[PDB]
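Presented as structure tokens, the chain that follows is alone, the form deposited without bulgecin A (BUL).
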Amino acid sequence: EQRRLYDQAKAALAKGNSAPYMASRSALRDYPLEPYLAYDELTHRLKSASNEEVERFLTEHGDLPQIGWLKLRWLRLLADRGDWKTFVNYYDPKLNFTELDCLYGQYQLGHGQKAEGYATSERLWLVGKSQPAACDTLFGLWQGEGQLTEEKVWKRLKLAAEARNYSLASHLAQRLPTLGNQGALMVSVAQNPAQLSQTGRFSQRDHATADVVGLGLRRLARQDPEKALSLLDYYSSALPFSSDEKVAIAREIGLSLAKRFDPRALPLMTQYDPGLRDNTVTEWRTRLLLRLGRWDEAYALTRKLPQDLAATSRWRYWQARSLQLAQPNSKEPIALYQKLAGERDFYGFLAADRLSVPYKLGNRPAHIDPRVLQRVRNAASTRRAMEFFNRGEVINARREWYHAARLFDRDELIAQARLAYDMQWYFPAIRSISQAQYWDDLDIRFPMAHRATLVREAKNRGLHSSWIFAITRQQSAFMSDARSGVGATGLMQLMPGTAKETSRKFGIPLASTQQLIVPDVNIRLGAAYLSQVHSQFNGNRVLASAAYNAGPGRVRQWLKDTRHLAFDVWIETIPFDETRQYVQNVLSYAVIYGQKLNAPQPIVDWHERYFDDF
């Protein structure tokens, strides 16, 4: 049979009544989307519904993506009724609804689990944002048992000010029995920490004033790291800083000076994390040395990395390379490069490029056991996603795919990836395979979508067509109508007014922002804008790729006062983690796409290898 009995049930159910569903339900047993109707039928009348029915539903349709919202709506009711016996049977901290977590805390306090409920209460309390109304109740009970000491108010005040939630921080500082002053001062310094210049006003030697100054110095480290450093020197002797606070201050100043390429970071970062316990401080100590051309020290530092850092392709690369820059006549790097070259990531391509050997583009579509492939195709969630796809409900089919995938093991996920690839649905295949982490299938991970369009507009703007694929692949992963909270739309994530500044310059048809999802017109403007940025930085993809992501004014800040700076070092020393990754992906992706377009692209062009603002 074939039926819209779904659609017309979903019409009546959407703002109304269950009559078509109720009659048709008998006829819709085999139909895979029927449980979505049952959900809404029950959700409407949930307050009247019995435990036995809801419980039964959660059993027989527990696999649905929207099941958590029912659990939330329902457990809220059970707790309000005082059906705690039932609440606890279903309370799942993994749903990550803080409303439930606070309700669970209430239960614990009410049911002789006071140690366990205090812990729950405090965990939820020590949080720098505002919690739901349900937690006000828990914290009320918690307070009632004399657990909300002034210290624990102070400690959350600290977190609220750190998080820039100053209305909360004010509310907390107007609840300090004795510390009301330092609390107001904490909020004042959090808002403008340059006030710490007035060393007179912040002289009082107590553990509270130390907390104020230490927050301020960490806040001030972002935007005036040089002032913060001078002020640390004053304040250290002057105030009773704990040892671990001193570390967290030095961390923040150290990293902020490191990202400005100031050698004054090195002594500080060395004093306060000598054992290399902080992975970010350790990475940026090494980056700073690479930026300053201090190859010997960088190499030394790469030999002492903790297991987790040393194991990455990054520090495997930089150990070889720092040695090669330090001792250029040594042969010891060749060995080090060989271990690493022929890995399929960015630093492997670097190591391959350094040996003058071809890149290992390891394409090995894994053998799928078809018992697994068909178990995954004979999943309820898959048939529901399959069927959503036919219909044209695109968010729904995505929703089902991704939810199903949280429980699937490495084998189950790879099966799903191959199924989505077969429907010319390139992103869910890209996303499913990346969760499985079978990186060695480059048909799936690096697809040839919109190939006639990208190659045309690359030739048009005098650009390596491998590169425009890489930008597209990195910006969206070939999701043709992608959108973001910032407002970038389409295959190439074109910002709305970025796409019209470009439309004027080149004289291109743009009669709507709803045509920036159309692959043909989205690519065409994004190709042109790419070329703006390209020509802005003398056709240097390393710089242009960074600028596409980070804006060009940033990239120019990152080029300030350089001379003959190597491309690998520049990239590594990009301050933003988001942007370093972006550049390394795009460059890597374009090596892959160079092969697939039978037009080989080395990791970098001859003219990109060294650069500066000199």
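Residues carry their position along the shown sequence, with the first being 1. Here the rigid core means the biggest group of C-alpha atoms that line up within 1.5 Å when the two forms are laid on top of each other.
If you look for the form deposited with bulgecin A (BUL) bound, you will not find it shown, but the lines that follow are about it.
Looking at 269-277, 338-346, 484-492, 124-132, the stretch with residues near bulgecin A (BUL) in the entry with it bound, meaning non-hydrogen atoms within 4.5 angstroms, turns out to be 484-492. 475 is the sole member of 120, 465, 319, 475 with a non-hydrogen atom lying within 4.5 angstroms of bulgecin A (BUL) in the entry with it bound. Site annotation in the entry with it bound: the residue of 64, 550, 565, 571 reaching within 4.5 Å of bulgecin A (BUL) with a heavy atom is 550. For residue 561, no non-hydrogen atom is located within 4.5 Å of bulgecin A (BUL) in the entry with it bound, even though that partner is not displayed. Bulgecin A (BUL) is not drawn, but in the entry with it bound it has a heavy atom within 4.5 Å of residue 578.
Looking at residue 582, you'd find a heavy atom of it within 4.5 angstroms of bulgecin A (BUL) in the entry with it bound.
In the entry with it bound, at least one heavy atom of residue 498 sits within 4.5 Å of bulgecin A (BUL). Once you line up the core between the shown form and the other one, the CA of 482 is the only one from 310, 482, 247, 373 that shifts by 2 Å or more. For residue 127, a C-alpha deviation below 2 angstroms is recorded between the shown form and the other one after rigid-core alignment. Relative to the superposed core, residue 511 undergoes a C-alpha shift of no less than 2 Å between the shown form and the other one. If you fit the rigid core between the shown form and the other one, you'll see the Cα of residue 498 move by 2 angstroms or more.
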